[PDB]
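Before any comments, here is the structure.
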Amino acid sequence: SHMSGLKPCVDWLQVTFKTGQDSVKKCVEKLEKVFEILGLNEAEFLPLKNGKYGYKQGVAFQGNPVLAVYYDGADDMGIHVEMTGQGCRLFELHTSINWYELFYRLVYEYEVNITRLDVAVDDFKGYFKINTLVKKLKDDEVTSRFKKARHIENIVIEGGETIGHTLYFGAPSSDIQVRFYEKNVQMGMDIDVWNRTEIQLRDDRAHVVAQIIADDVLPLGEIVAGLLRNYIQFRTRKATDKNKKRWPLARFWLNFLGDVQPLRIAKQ
Amino acid sequence: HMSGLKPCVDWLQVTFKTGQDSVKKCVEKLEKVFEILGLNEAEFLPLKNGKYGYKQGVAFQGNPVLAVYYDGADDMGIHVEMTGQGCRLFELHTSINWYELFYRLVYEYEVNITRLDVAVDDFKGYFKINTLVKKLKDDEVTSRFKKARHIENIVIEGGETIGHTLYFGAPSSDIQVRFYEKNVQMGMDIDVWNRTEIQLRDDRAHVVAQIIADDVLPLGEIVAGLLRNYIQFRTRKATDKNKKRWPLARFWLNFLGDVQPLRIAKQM
């Protein structure tokens, strides 16, 4: 492909429109309103076979469950929107608004719980190999606010080659998880370099980042880079000192974080 | 102090369909479901939330490991979910047994069995998971699967790798096999505890259910047969380069031979 550089994006979104709150912001109660808030044409939503998460019914954009709106749950469950990775791309292709506008509305105009937001960086240049990260972890060259990482690798049974590496930091249910993987391998695509770094945020953490996107002032890159820097330090072993806390941050990592900083969600 | 090999049923999910023109009886009431399970109606309490598109649920002694979901969209029926712990809980309190439950589900009532897991606990230690990993990477394995996933945990302070796990097949596909160190997974102070699990979905699950219900073959023979057929750990033979003519490894032949006669007892 002609894919190059680093590119940031929003990669998951789940929000719930609450009902019957005495709130300063507007409560949403109708599906039609939800479609409008998204900047998407009502006519394009179709019913789904099944609900999900305790909601008895759902609709989806062009019938596609990657971009779904669930409703008719137990008392006070409101309306729940779910936009997977693919759904965020689908949103982008058809919405009449901008990410910042969507988040403006969710943050400032309506009464919503933002339950999950994932932000990502695609790396088409190749600042590092995931396996280098794995190695650094196993060689005791990493510090972090997390206690453990999960390492997943695929093994092709005929031949025995290890082809794709994934690292997960934090529990999936907790309010911040970081993931690194080879997205070329994951997607079955024939591109030499495509690494993905993802931060998954839940509840309050997700709201704050939504607000920052809404206000549109700080580049998204700065939030991603600030969070990665703070949560995880890949370091270079220094023979002189045994205190890991005084090893310098590794060069590939400083370069990655420094080139991530200025990145902005594309506007149009 | 535990020893040997022990089989068990380790997950079950079924849906009672409504309004089928069927030779078998349609179930339409929760009370009937409790009776089919041989469990006391009085012991079921409401859950906070539904799940999977069902708006409401109850659970045995309030405990969601053994749950019954209902009030979903038209034609969704009633869904029972029994996790690992729920299968143990079922065993302790039911007035019937596994054979009778599967008899009822396969021959008496109109049900979709969506998932069934069967497991073997190994307290002797017929192999180490890491040996299996190594054999895979050394090109000493053939299988009907194309890939395995190897999952390991890495402790960030120190870099120690703990908790090796191997998965064969995708989690959505209709047969998956898993091997892991269950002593490590459960945080328990037992020297050797390996677990082998076969997860089956839809028709694959029904077939094994039907085998249990017919009560002609030991369960051990189905587990051992599936393992043998789907995965072959082999010993490298210097004379021949063709993997297909390497003999099966000894530990593996010993494991499968001792799994064969294992049974699900008639008393829980």
Candidate set from region A:160-172 (those that are β-branched (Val, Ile, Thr) and more than 7 Å from chain B (Cβ to nearest Cβ)); member that is surrounded by the fewest Cβ atoms within 10 Å (Cβ to Cβ) | A:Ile163
Could you please give the count of residues in region B:184-205 that are surrounded by fewer than 19 Cβ atoms within 10 Å (Cβ to Cβ) and closer than 18 Å to B:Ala148 by Cα?
-> 0
Of (1) of a type in the set (A, V, I, L, M, F, W, C); (2) more than 9 Å from chain A (Cβ to nearest Cβ); (3) buried (at least 19 other Cβ atoms within 10 Å of the Cβ); (4) more than 30 Å from B:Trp246 (Cα to Cα), B:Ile96 fails just (3)
Residues in region B:16-35 that are outside any loop (DSSP other than H, G, I, E, B) and surrounded by fewer than 21 Cβ atoms within 10 Å (Cβ to Cβ): how many?
-> 6
Count, please, the residues in region A:5-56 that happen to be of a type in the set (S, T, N, Q) and within 14 Å of chain B (Cβ to nearest Cβ).
-> 2
Going by the structure shown, is A:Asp175 surrounded by fewer than 17 Cβ atoms within 10 Å (Cβ to Cβ), free of Cβ contacts under 8 Å to residues at least 24 places away in the same chain and either more than 23 Å from A:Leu249 (Cβ to Cβ) or within 14 Å of the chain's Cα centre (by Cα) (or both)?
-> no
So, of the residues in region B:101-128 that are charged (D, E, K, R) and within 30 Å of B:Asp21 (Cα to Cα), which turns out to be surrounded by the most Cβ atoms within 10 Å (Cβ to Cβ)?
-> B:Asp117
Of all the residues that make up region A:69-78, how many are under 15 Å from A:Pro47 (Cβ atoms) and either among the polar types (S, T, N, Q) or crowded, with 23+ Cβ neighbours inside 10 Å (or both)?
-> 2
In the set B:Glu181, B:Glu157, the lone residue that is out of contact with any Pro (no Cβ under 7 Å at 6 or more places or on another chain) and surrounded by 18 or more Cβ atoms within 10 Å (Cβ to Cβ) is B:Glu181
Exactly one of (1) buried (at least 18 other Cβ atoms within 10 Å of the Cβ); (2) in contact (Cβ under 8 Å) with a residue 24 or more places away in the chain is unmet by A:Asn131. Its number?
-> (1)
Region B:67-92 residues that are free of Cβ contacts under 8 Å to residues at least 60 places away in the same chain and away from chain A (no Cβ under 14 Å), paired with ones that are charged (D, E, K, R) and in a strand (DSSP E or B) (beta carbon under 8 Å, 6 or more apart) | B:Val68/B:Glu81
Within region B:34-65, track down each residue that is of a type in the set (A, V, I, L, M, F, W, C) and under 21 Å from A:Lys56 (Cα atoms).
-> B:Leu45, B:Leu47, B:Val58, B:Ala59
With a cut-off of at least 3 residues that are within 17 Å of the chain's Cα centre (by Cα) and farther than 19 Å from B:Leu101 by Cα, name the helices (runs of 4 or more DSSP H) lying wholly within region B:185-268.
-> B:219-230
Looking at region B:158-184, which of its residues are in a loop (DSSP other than H, G, I, E, B) and among the polar types (S, T, N, Q)?
-> B:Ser172, B:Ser173
Among strands (runs of 3 or more DSSP E) completely within region B:99-157, the ones holding 2 or more residues that are facing chain A (nearest Cβ under 10 Å) and not β-branched (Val, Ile, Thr) are B:147-155
For A:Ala60, all conditions in the list (1) under 16 Å from A:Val15 (Cβ atoms); (2) exposed (fewer than 15 other Cβ atoms within 10 Å of the Cβ); (3) within 14 Å of chain B (Cβ to nearest Cβ) hold save one; what is the number of the exception?
-> (2)
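Any read-out appearing in this document is the output of simple, stated calculations on the displayed coordinates, not a laboratory observation. Cβ coordinates were reconstructed from backbone atoms using ideal geometry, including for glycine residues, and neighbour counts include every protein chain displayed.
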